[PDB]
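Enquirer: The structure that follows is given in the form of structure tokens.
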Amino acid sequence: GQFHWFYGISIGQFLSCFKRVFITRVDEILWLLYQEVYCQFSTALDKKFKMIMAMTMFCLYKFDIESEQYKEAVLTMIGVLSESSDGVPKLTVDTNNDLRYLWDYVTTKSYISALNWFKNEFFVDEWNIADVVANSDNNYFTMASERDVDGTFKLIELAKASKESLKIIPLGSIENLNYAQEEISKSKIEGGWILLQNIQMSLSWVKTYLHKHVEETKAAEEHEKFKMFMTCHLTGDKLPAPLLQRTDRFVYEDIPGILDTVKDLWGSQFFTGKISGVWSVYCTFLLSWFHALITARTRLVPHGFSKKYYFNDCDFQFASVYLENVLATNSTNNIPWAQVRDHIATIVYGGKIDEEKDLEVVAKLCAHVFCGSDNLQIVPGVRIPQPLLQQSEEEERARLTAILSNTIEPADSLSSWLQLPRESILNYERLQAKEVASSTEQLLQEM
Amino acid sequence: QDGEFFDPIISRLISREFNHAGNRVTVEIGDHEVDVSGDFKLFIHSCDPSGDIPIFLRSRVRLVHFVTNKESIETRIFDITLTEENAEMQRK
Amino acid sequence: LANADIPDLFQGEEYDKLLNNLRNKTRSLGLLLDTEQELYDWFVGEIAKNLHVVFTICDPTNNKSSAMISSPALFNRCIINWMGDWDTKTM
Amino acid sequence: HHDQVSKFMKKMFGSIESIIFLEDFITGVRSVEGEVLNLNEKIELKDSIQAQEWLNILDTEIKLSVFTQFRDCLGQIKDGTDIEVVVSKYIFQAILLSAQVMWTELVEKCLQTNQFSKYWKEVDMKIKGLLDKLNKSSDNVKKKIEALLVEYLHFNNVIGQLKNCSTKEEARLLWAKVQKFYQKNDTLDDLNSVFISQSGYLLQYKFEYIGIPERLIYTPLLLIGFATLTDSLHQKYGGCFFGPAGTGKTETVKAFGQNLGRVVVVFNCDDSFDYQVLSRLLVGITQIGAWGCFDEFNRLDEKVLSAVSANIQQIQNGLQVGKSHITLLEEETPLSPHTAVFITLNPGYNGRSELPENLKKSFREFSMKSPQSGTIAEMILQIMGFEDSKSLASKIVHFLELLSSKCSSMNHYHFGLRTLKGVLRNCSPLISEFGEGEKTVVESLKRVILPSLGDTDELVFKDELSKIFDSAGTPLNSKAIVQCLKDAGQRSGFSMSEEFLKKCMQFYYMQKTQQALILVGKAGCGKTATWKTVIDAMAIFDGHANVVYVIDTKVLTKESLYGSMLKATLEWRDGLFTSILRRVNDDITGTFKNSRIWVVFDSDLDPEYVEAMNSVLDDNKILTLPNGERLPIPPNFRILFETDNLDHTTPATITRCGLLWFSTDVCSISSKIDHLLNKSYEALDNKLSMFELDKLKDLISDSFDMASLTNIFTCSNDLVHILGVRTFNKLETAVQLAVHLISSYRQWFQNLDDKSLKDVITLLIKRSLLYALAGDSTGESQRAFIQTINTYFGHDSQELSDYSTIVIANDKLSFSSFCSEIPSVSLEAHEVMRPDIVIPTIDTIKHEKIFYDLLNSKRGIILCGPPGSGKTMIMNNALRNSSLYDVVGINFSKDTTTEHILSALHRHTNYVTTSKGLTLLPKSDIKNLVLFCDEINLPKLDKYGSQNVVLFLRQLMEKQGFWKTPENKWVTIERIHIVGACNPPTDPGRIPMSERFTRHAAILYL
């Protein structure tokens, strides 16, 4: 909570969690605590802090419980994952086997695996937002997430699978906040679920209306089964701590694959109707792949992009608008392609980019995604051929959807698909390992 | 209400200093000499432990911590443990 | 303490009013002083012998109270005295 | 009245300044630029007519009148009319649009045929034709031509680029990026007839008057900005560019507007700007359908920012949806769909700023970057008179870029474009002398870049200048200035060394071009000598007199110097810098026209003080008051800055001024001595017969030779020095002492033995040389150095002892050498403690003698030493004893002011208004006065780090006179001495002193 504002905990939250631990005896109850704490408080943390709390809590238990020879062995390993020190731990035939299995992960240069090792060693069911929500006994929730994704669509399937009653409420202008406060007071009486999209932007209002409103509503417990959800962004405006502590917290850490995002981009595109050429749907397909390829690169940094850049459904919209316009103003001849790349790579997407290093990367992506005669081959496995002479627009949608359904995303996707090298991905895996390993050592010595 | 911030003038009211008279009891505050009742009471309240109070005050003042610490957790988990471990003796 | 006057307090017109009042008291005591310099040096010398400053610092460890002892003026013209703890006998 | 509305139009229009009547009828309007627009129909007025009614007609007619002047003109050029013809009869806004439409039409067809070359020369000729027209033109139409030139250059540039394309697809790509100005030869609603295409997107020219604004040079970067702005607007989104200050983001939005016939309203945000006013202006912009730019939006206060940001969303959300009416400021107001909001985002200390969350899905953020300079350079060369503008622009930039990679990373070095604009600015007068050739560019490189370089980098410049382009063998103004410079220095006392000639030349050539000059160097480099020598040489060569005002910048407050206003009575009194200008500007009663005025700032320069004058450093050449005025500065009036360091000053401040970096001291150790001697002899002529003088100057020359001293000064460095000062600055201390010690024994030089005379001379010189190099030394080191002096001086010559002294009789002229004789002290019980009691030691007498000798020289003294070492008493007792000098004691504290020094002096000093020095400040009694400043290294320094109290003493020591803080006049102090005591600055509490002050002090470590 000291590192991040959203990572708060009250004493009462720990007490209520420890009560659930009941409803060598001392040794078993101890093991019951560590598990129940990992179970409830893992949910309000992001993937980095999940891994940090895993490795820490593992050493918090095993240093008291196991041998002194165990202690320096695992610590000389956590030192190798970090840049503190490199060593081979003290080796004894059959002496330790779980610990001997761990060093095998670290020595195989496999980083992500060694970090998740401590999670599996808790032997806990890592609770799905649904399970957490179901267990949770409050009508309020705030789920923050990185700007790459939004759990808005996870909440749709969460409501559909149990209790329905989904109401999405954007907080936009006076109208949205004004309609919003009306739909809030009426939904609690009705008992319907409610969602408050991206509160952070409308925050000034929160401290005046929502902060008082949620505080006053102790009759919301009395009111019909109803649940209110709020979406935040972790990188972003800091929510009032008092409102935050009162409300339950989750971090949506669910990142879609390249192919999955392509399929999700292309999916809506049929809802727009038909206003353009058959040929255009091919360019809209091209953009679908492109957008899903830069977004995939966005997370991989520094190796990959120099900084975290955020790309939107607005960036797709501004790109597709330019594409409709170029096909509308030119002939159906393929060659318009030259200034299609320039305008996409420098104004539409290169706009936010400020570093020259990264501007070249957006261009080199357009080089491959846009210019392409007869065969494109976006990824190693998948080839996209240009529209057939038959010129069926309904067939081509179905053909381009079919090309997605044919492919299955490989193991090595981040290096094979995003044309960046494998050795860069490992360099990145190493660094996020180092960050988890460091912050844990820091935590142990502090107490 | 704000003990962290504290002006000098209260000062004679913190140290028990007075100028006694036939019936009246006077205390000097900054300039004016004002009469003390005796039905009068003083409490100083602070919210943040981070904020440091003057050595003058800290020495004349009875510092009491109403703080729900991490130490308070050890005390309070035993009460919850014993209610679920030996309910007969926690009742008695 | 470095000088025995604060220059700023008595400057300009307030220097002239001081200078006037100074001549009054000097003569009352029974001494007239030829020059403007002869006068001021009486004034300063009077302060040096009638004003007495005692500092009471509690924690010399404090950075603001360290600045007291640091200050050259105070350090040279003060008598530093130590009472920092009560001994077991005095307790 | 009606005519009184013209004042308020400037506000509600932006382009126009005042309106033109025939009283009953409105004949037209004139712009803030000076351009006169006449309407088609003159609008009729009667007394009982409302402003709202008549003005509303004017807004309509003002736009129509622009279409008329546009179609009239466009049609003319289409009918093969030279652009020089059109300029004279059509308003700029009109002619600009006409050019654009015809250009676009002519190039559109030229992409098909590929007849680029035929059109190119054609355009190039119109450019040259416009250029020569400009030279012979009236100032008003001078603006119009220049504004058009910016455009015609753009035209030809694009065509040339188009000529060069590998294929036709390449040409159609390049053309798509450009802003293409089309007209509809189809249709009615003429105001809506002109539209603009770019990146495939179209944008209707609204017909608003723009007047004749300063038009930005077209860069690829500019077009890209225009392209992002058009891409956001096409999808009904707000334009937003973030980036570092000085990247011209608002200027862009201003220009993007102009190109489309729109006067953008710019809100400078947080210049103490009210929310209530902005809220009004926002309603007006949504009604009138205008473009608003938020200039530096980031700088708003959180309460304001919330409120404003929410409002802006209304507008941009209203547009995206297209709502006819939107509610903002809790009222139903209608929304024009022509409305747009632009946000420029300067960065904070933390990072490049962001838009508030709500605005993030309402705006489109873009990154402004400084222009790659090559493109700017080529155009600038084109305008002046090109020769080969393309080759120079490539070559200049390569060279500047090359210097940057090849020189040392030094603080004040800027090889950014600012610098090339400056080379180019300096180039124009240079072209007058030589050619619109590279050679004139070459010279301008070395006129600007070279005076700021230091020796290692000085060759890198020369090596790579010839490596990139070689121009010429010989220089103009080579003989003539130089003999006027040699003649001035011979007269001043100075020696024309490699370096002193060089830095004198560098300076001469700069005053020509630059009006603000900076001289940076170590204390005792030669600056005061360089400028005082050059300025003197110009009165010989031109015949123009100079009027110099040397002001210590940081001794006085911004209020004492620029002009101080009093918060309540708002009573305005002059200051110092502003008051000396009013002599030249307000009332040039005597001869100022033919004179050259120089205002020198000798003290360290800081942001706060230069910012309060930045307008004179600007292309403006006018002084802006805190309240009340702008005073313009003539071409005679030059501002110089001599200082020791720059660390505080901004790169922006440097690049407005001409910078002259003194890498090393102008002059040789010997040459310094030479001048110093003669300077000392001149003082003596006023108080010594020529026969005496002639003989004594002969003595000095034959006793000490440079060959011996060279080792002595070298060995001085191999020694631990308390209160360190460099060898070169210690020199004045030797010669001033030495000459005084010999002029001391002048009478006994009449009858004494010629071999014995040399021994008296050599001893004194060996002595004076000791305290000047080793006086601030341990004395354990002094003793060691004494042998070092003896070593390097002639072996036979009278050797130095620790306490060595020269003695003469009480009652008879005599001569013998005896040392260390002491009077013996008996004091009573009551006497024991007293602020004035000395028990004399072998060493008390030793110090008291030397200390007294230095004052006879009248050189300032710094007695540095530990507490209780007796530095105060030695000073006090040597002077409490003598009738000549009288002591005045000031103690310094961490924060003591320069007025305390004055007030303490006023007690013992009497100003006399003698016509000889005007005001003077001698002591209140006849014989000499001594200020004793105790704890001189105690007063603290500006946050920049500059102790003014010390600089004030330095003013008294060097200048010998100071400027009055309230009354604003020069008072020259007569016969007053500065002596100081301080502790070693290794001690706590202590502040490091400026070499620029300690250079005028003799330092004795006791």
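Chain labels A, B, ... are given in the sequence in which chains occur in the structure tokens; within each chain residues are numbered consecutively from 1, and ligands are likewise numbered from 1 in the order shown.
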Dump as a list in words the residues of chain B that approach chain C to within 12 Å, counting only C-alpha atoms.

Expert: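 Going by the stated atoms only, the list reads residues 54, 55, 56 and 59 of chain B.
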
Enquirer: So that I can check the surroundings of residue 73 in chain B, please list as a PyMOL selection string every protein, DNA and RNA residue that reaches within 12 Å of it, counting only C-alpha atoms and ignoring chain neighbours fewer than 6 positions away.

Expert: (chain A and resi 10-16+18) or (chain B and resi 67+79-81)

Enquirer: I need the residues from that last selection saved to file as a PDB file, in the first residue's frame (with N, CA, C and O atoms), if you can.

Expert:
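File written: selection_7.pdb
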ATOM      1  N   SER A  10      -6.907  -3.066   5.450  1.00  0.00           N
ATOM      2  CA  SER A  10      -7.248  -2.685   6.831  1.00  0.00           C
ATOM      3  C   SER A  10      -6.888  -3.821   7.801  1.00  0.00           C
ATOM      4  O   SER A  10      -6.637  -4.937   7.349  1.00  0.00           O
ATOM      5  N   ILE A  11      -6.824  -3.557   9.111  1.00  0.00           N
ATOM      6  CA  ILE A  11      -6.609  -4.664  10.071  1.00  0.00           C
ATOM      7  C   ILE A  11      -7.809  -5.619  10.062  1.00  0.00           C
ATOM      8  O   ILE A  11      -7.636  -6.830  10.169  1.00  0.00           O
ATOM      9  N   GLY A  12      -9.012  -5.054   9.911  1.00  0.00           N
ATOM     10  CA  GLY A  12     -10.265  -5.801   9.883  1.00  0.00           C
ATOM     11  C   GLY A  12     -10.357  -6.777   8.727  1.00  0.00           C
ATOM     12  O   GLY A  12     -10.969  -7.834   8.867  1.00  0.00           O
ATOM     13  N   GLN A  13      -9.751  -6.423   7.594  1.00  0.00           N
ATOM     14  CA  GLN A  13      -9.682  -7.314   6.438  1.00  0.00           C
ATOM     15  C   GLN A  13      -8.849  -8.558   6.730  1.00  0.00           C
ATOM     16  O   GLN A  13      -9.187  -9.657   6.275  1.00  0.00           O
ATOM     17  N   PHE A  14      -7.781  -8.390   7.501  1.00  0.00           N
ATOM     18  CA  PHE A  14      -6.950  -9.520   7.928  1.00  0.00           C
ATOM     19  C   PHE A  14      -7.626 -10.380   9.009  1.00  0.00           C
ATOM     20  O   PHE A  14      -7.452 -11.605   9.049  1.00  0.00           O
ATOM     21  N   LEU A  15      -8.377  -9.725   9.891  1.00  0.00           N
ATOM     22  CA  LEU A  15      -9.112 -10.415  10.922  1.00  0.00           C
ATOM     23  C   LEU A  15     -10.226 -11.261  10.327  1.00  0.00           C
ATOM     24  O   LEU A  15     -10.344 -12.447  10.647  1.00  0.00           O
ATOM     25  N   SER A  16     -11.066 -10.643   9.497  1.00  0.00           N
ATOM     26  CA  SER A  16     -12.154 -11.353   8.813  1.00  0.00           C
ATOM     27  C   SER A  16     -11.648 -12.535   7.983  1.00  0.00           C
ATOM     28  O   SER A  16     -12.326 -13.571   7.896  1.00  0.00           O
ATOM     29  N   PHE A  18      -8.787 -14.194   8.790  1.00  0.00           N
ATOM     30  CA  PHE A  18      -8.317 -15.197   9.741  1.00  0.00           C
ATOM     31  C   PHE A  18      -9.454 -15.954  10.410  1.00  0.00           C
ATOM     32  O   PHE A  18      -9.254 -17.094  10.826  1.00  0.00           O
TER      33      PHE A  18
ATOM     34  N   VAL B  67      -3.818   4.294  19.004  1.00  0.00           N
ATOM     35  CA  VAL B  67      -3.441   3.887  17.671  1.00  0.00           C
ATOM     36  C   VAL B  67      -3.683   2.390  17.521  1.00  0.00           C
ATOM     37  O   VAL B  67      -3.299   1.594  18.380  1.00  0.00           O
ATOM     38  N   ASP B  79      -7.496 -13.621  20.748  1.00  0.00           N
ATOM     39  CA  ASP B  79      -8.929 -13.604  21.121  1.00  0.00           C
ATOM     40  C   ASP B  79      -9.851 -14.352  20.135  1.00  0.00           C
ATOM     41  O   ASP B  79     -10.798 -15.012  20.542  1.00  0.00           O
ATOM     42  N   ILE B  80      -9.564 -14.242  18.844  1.00  0.00           N
ATOM     43  CA  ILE B  80     -10.326 -14.934  17.802  1.00  0.00           C
ATOM     44  C   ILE B  80      -9.964 -16.428  17.752  1.00  0.00           C
ATOM     45  O   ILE B  80     -10.867 -17.260  17.655  1.00  0.00           O
ATOM     46  N   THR B  81      -8.664 -16.741  17.864  1.00  0.00           N
ATOM     47  CA  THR B  81      -8.138 -18.119  17.960  1.00  0.00           C
ATOM     48  C   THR B  81      -8.735 -18.903  19.133  1.00  0.00           C
ATOM     49  O   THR B  81      -9.168 -20.037  18.958  1.00  0.00           O
TER      50      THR B  81
END

Enquirer: What residues in chain A have any atom no more than 6 Å from chain D when counting only C-alpha atoms, and can you write them as a VMD selection string?

Expert: chain A and resid 201 339 347 351 to 352 354

Enquirer: Show me, as a ChimeraX atom specification, the residues that have an atom within 9 Å of range 7-16 of chain C when counting only C-alpha atoms, minus same-chain residues fewer than 5 positions from it.

Expert: /C:21 /D:900,903-904

Enquirer: Applying 12 Å and only C-alpha atoms, which residues near residue 38 in chain C remain after dropping the ones on its own chain fewer than 4 positions away? List them as a count of residues only.

Expert: 14

Enquirer: Do me a favour and pick out the residues of chain B within 9 Å of chain A, using only C-alpha atoms, as a PyMOL selection string.

Expert: chain B and resi 68-70+72-73+76-77+80-81+84

Enquirer: Please, could you write that set of residues out with N, CA, C and O atoms as an mmCIF file, in the first residue's frame?

Expert:
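Just written: result.cif:
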data_model
loop_
_atom_site.group_PDB
_atom_site.id
_atom_site.type_symbol
_atom_site.label_atom_id
_atom_site.label_comp_id
_atom_site.auth_asym_id
_atom_site.auth_seq_id
_atom_site.Cartn_x
_atom_site.Cartn_y
_atom_site.Cartn_z
ATOM 1 N N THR B 68 -4.367 2.019 16.447
ATOM 2 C CA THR B 68 -4.663 0.613 16.168
ATOM 3 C C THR B 68 -3.505 0.023 15.362
ATOM 4 O O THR B 68 -3.592 -0.068 14.148
ATOM 5 N N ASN B 69 -2.421 -0.351 16.043
ATOM 6 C CA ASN B 69 -1.131 -0.696 15.422
ATOM 7 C C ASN B 69 -1.096 -2.068 14.747
ATOM 8 O O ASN B 69 -2.082 -2.792 14.745
ATOM 9 N N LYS B 70 0.055 -2.439 14.194
ATOM 10 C CA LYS B 70 0.290 -3.822 13.801
ATOM 11 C C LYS B 70 0.483 -4.701 15.056
ATOM 12 O O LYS B 70 0.318 -5.921 15.009
ATOM 13 N N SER B 72 -1.324 -4.454 17.678
ATOM 14 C CA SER B 72 -2.702 -4.712 18.068
ATOM 15 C C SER B 72 -3.268 -5.970 17.416
ATOM 16 O O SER B 72 -4.257 -6.515 17.892
ATOM 17 N N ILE B 73 -2.657 -6.406 16.315
ATOM 18 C CA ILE B 73 -3.093 -7.587 15.557
ATOM 19 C C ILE B 73 -2.749 -8.867 16.298
ATOM 20 O O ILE B 73 -3.547 -9.794 16.330
ATOM 21 N N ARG B 76 -5.212 -9.241 19.069
ATOM 22 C CA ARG B 76 -6.568 -9.510 18.615
ATOM 23 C C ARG B 76 -6.732 -10.843 17.872
ATOM 24 O O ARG B 76 -7.838 -11.351 17.809
ATOM 25 N N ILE B 77 -5.662 -11.430 17.329
ATOM 26 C CA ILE B 77 -5.804 -12.769 16.697
ATOM 27 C C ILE B 77 -5.938 -13.888 17.757
ATOM 28 O O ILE B 77 -6.710 -14.817 17.549
ATOM 29 N N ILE B 80 -9.564 -14.242 18.844
ATOM 30 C CA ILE B 80 -10.326 -14.934 17.802
ATOM 31 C C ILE B 80 -9.964 -16.428 17.752
ATOM 32 O O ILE B 80 -10.867 -17.260 17.655
ATOM 33 N N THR B 81 -8.664 -16.741 17.864
ATOM 34 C CA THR B 81 -8.138 -18.119 17.960
ATOM 35 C C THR B 81 -8.735 -18.903 19.133
ATOM 36 O O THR B 81 -9.168 -20.037 18.958
ATOM 37 N N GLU B 84 -12.321 -20.061 18.919
ATOM 38 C CA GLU B 84 -12.472 -21.234 18.051
ATOM 39 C C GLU B 84 -11.594 -22.416 18.473
ATOM 40 O O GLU B 84 -11.652 -23.490 17.861
#

Enquirer: Could you pull out the helix (DSSP H, G or I) residues of chain C from DSSP and send them as a tab-separated table (two decimals) with N, CA and C atoms, in the first residue's frame?

Expert:
chain	number	residue	atom	x	y	z
C	13	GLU	N	15.85	57.97	9.88
C	13	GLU	CA	15.21	58.91	10.80
C	13	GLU	C	15.22	58.38	12.22
C	14	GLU	N	15.02	57.07	12.35
C	14	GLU	CA	15.06	56.45	13.65
C	14	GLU	C	16.48	56.43	14.22
C	15	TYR	N	17.46	56.72	13.36
C	15	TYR	CA	18.86	56.90	13.75
C	15	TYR	C	19.02	58.29	14.33
C	16	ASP	N	18.36	59.26	13.70
C	16	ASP	CA	18.40	60.67	14.10
C	16	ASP	C	17.66	60.89	15.41
C	17	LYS	N	16.54	60.18	15.60
C	17	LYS	CA	15.79	60.26	16.84
C	17	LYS	C	16.58	59.64	17.99
C	18	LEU	N	17.17	58.46	17.76
C	18	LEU	CA	18.12	57.85	18.71
C	18	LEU	C	19.29	58.78	19.01
C	19	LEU	N	19.85	59.37	17.97
C	19	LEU	CA	21.00	60.26	18.09
C	19	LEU	C	20.66	61.48	18.90
C	20	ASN	N	19.44	62.00	18.74
C	20	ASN	CA	18.95	63.12	19.54
C	20	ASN	C	18.81	62.71	21.00
C	21	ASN	N	18.06	61.64	21.26
C	21	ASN	CA	17.85	61.14	22.62
C	21	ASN	C	19.12	60.78	23.33
C	22	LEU	N	20.12	60.35	22.57
C	22	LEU	CA	21.43	59.96	23.07
C	22	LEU	C	22.15	61.16	23.65
C	23	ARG	N	22.10	62.28	22.94
C	23	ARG	CA	22.73	63.52	23.37
C	23	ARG	C	22.10	64.05	24.68
C	24	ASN	N	20.78	63.90	24.81
C	24	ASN	CA	20.03	64.27	26.02
C	24	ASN	C	20.52	63.55	27.26
C	25	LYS	N	20.58	62.22	27.20
C	25	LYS	CA	20.96	61.37	28.35
C	25	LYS	C	22.44	61.50	28.67
C	26	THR	N	23.26	61.64	27.63
C	26	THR	CA	24.69	61.76	27.82
C	26	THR	C	25.00	63.00	28.66
C	27	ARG	N	24.34	64.11	28.32
C	27	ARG	CA	24.54	65.35	29.04
C	27	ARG	C	23.95	65.29	30.45
C	28	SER	N	22.78	64.67	30.59
C	28	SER	CA	22.14	64.45	31.88
C	28	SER	C	23.06	63.73	32.86
C	29	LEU	N	23.83	62.77	32.34
C	29	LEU	CA	24.80	62.03	33.15
C	29	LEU	C	26.01	62.89	33.47
C	36	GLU	N	30.37	62.86	16.50
C	36	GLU	CA	29.24	61.90	16.26
C	36	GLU	C	29.65	60.46	16.58
C	37	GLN	N	30.93	60.17	16.41
C	37	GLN	CA	31.50	58.85	16.68
C	37	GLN	C	31.62	58.60	18.18
C	38	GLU	N	32.10	59.62	18.93
C	38	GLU	CA	32.24	59.66	20.43
C	38	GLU	C	30.86	59.22	21.07
C	39	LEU	N	29.73	59.68	20.49
C	39	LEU	CA	28.34	59.39	20.94
C	39	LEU	C	27.88	57.96	20.77
C	40	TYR	N	28.07	57.43	19.58
C	40	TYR	CA	27.58	56.09	19.27
C	40	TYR	C	28.31	55.03	20.11
C	41	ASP	N	29.58	55.29	20.36
C	41	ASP	CA	30.43	54.35	21.06
C	41	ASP	C	30.06	54.29	22.54
C	42	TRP	N	29.43	55.36	23.07
C	42	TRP	CA	28.83	55.37	24.42
C	42	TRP	C	27.63	54.44	24.42
C	43	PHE	N	26.75	54.69	23.44
C	43	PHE	CA	25.51	53.93	23.26
C	43	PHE	C	25.76	52.41	23.22
C	44	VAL	N	26.65	52.00	22.32
C	44	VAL	CA	27.02	50.59	22.14
C	44	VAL	C	27.66	50.01	23.41
C	45	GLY	N	28.57	50.77	23.99
C	45	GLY	CA	29.22	50.36	25.22
C	45	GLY	C	28.28	50.21	26.39
C	46	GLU	N	27.17	50.95	26.35
C	46	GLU	CA	26.16	50.89	27.41
C	46	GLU	C	25.36	49.59	27.31
C	47	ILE	N	25.05	49.24	26.07
C	47	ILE	CA	24.34	48.01	25.77
C	47	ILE	C	25.18	46.82	26.19
C	48	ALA	N	26.46	46.85	25.82
C	48	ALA	CA	27.43	45.78	26.10
C	48	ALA	C	27.58	45.47	27.54
C	49	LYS	N	27.17	46.41	28.39
C	49	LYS	CA	27.38	46.24	29.81
C	49	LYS	C	26.08	46.11	30.61
C	50	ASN	N	24.96	46.48	29.97
C	50	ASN	CA	23.64	46.36	30.60
C	50	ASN	C	22.71	45.23	30.11
C	63	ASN	N	18.62	20.23	14.56
C	63	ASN	CA	19.31	21.03	13.54
C	63	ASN	C	19.14	22.55	13.69
C	64	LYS	N	18.01	22.99	14.27
C	64	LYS	CA	17.80	24.41	14.55
C	64	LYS	C	18.57	24.91	15.77
C	65	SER	N	18.70	24.04	16.77
C	65	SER	CA	19.48	24.31	17.96
C	65	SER	C	20.96	24.08	17.72
C	66	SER	N	21.30	23.33	16.69
C	66	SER	CA	22.69	23.15	16.31
C	66	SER	C	23.20	24.47	15.74
C	67	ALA	N	22.35	25.15	14.97
C	67	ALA	CA	22.66	26.44	14.36
C	67	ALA	C	23.01	27.53	15.35
C	68	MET	N	22.49	27.43	16.58
C	68	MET	CA	22.80	28.34	17.69
C	68	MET	C	24.28	28.22	18.06
C	69	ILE	N	24.67	27.00	18.42
C	69	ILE	CA	26.04	26.69	18.80
C	69	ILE	C	27.03	26.93	17.66
C	70	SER	N	26.61	26.57	16.45
C	70	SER	CA	27.34	26.86	15.23
C	70	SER	C	27.67	28.33	15.13
C	72	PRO	N	28.95	31.65	14.94
C	72	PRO	CA	30.19	32.16	15.47
C	72	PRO	C	29.95	33.24	16.51
C	73	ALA	N	29.13	34.23	16.16
C	73	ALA	CA	28.86	35.32	17.07
C	73	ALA	C	28.49	34.81	18.45
C	74	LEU	N	27.52	33.91	18.49
C	74	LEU	CA	27.05	33.34	19.73
C	74	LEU	C	28.14	32.49	20.36
C	75	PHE	N	28.87	31.71	19.57
C	75	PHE	CA	29.85	30.77	20.13
C	75	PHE	C	31.01	31.47	20.84
C	76	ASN	N	31.52	32.53	20.22
C	76	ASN	CA	32.62	33.31	20.77
C	76	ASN	C	32.22	34.15	22.00
C	77	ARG	N	31.10	34.87	21.93
C	77	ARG	CA	30.67	35.79	23.02
C	77	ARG	C	29.75	35.17	24.07

Enquirer: Would you list the contacts of range 28-45 of chain B as an MDAnalysis selection string, taking every protein, DNA or RNA residue within 9 Å and counting only C-alpha atoms, but skipping same-chain residues closer than 5 positions in sequence?

Expert: chainID B and resid 1:4 8:14 17:19 61

Enquirer: Extract, using only C-alpha atoms, all DNA, RNA and protein residues at most 12 Å from range 469-479 of chain D, discarding same-chain residues fewer than 6 positions from it, and format them as number ranges by chain.

Expert: D: 391-392, 394-399, 430, 433-435, 437-445, 461-463, 485-486, 501, 505, 508-509, 541

Enquirer: What is the CA of residue 902 in chain D-CA of residue 940 in chain D distance in Å, reported with one decimal?

Expert: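 These atoms are spaced 18.4 Å apart.
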
Enquirer: Please return, as a list in words, all residues of chain B that DSSP assigns to strand (DSSP E or B) on the basis of the backbone.

Expert: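 Here are the strand (DSSP E or B) residues of chain B: residues 19, 20, 25, 26, 27, 28, 33, 34 and 35 of chain B.
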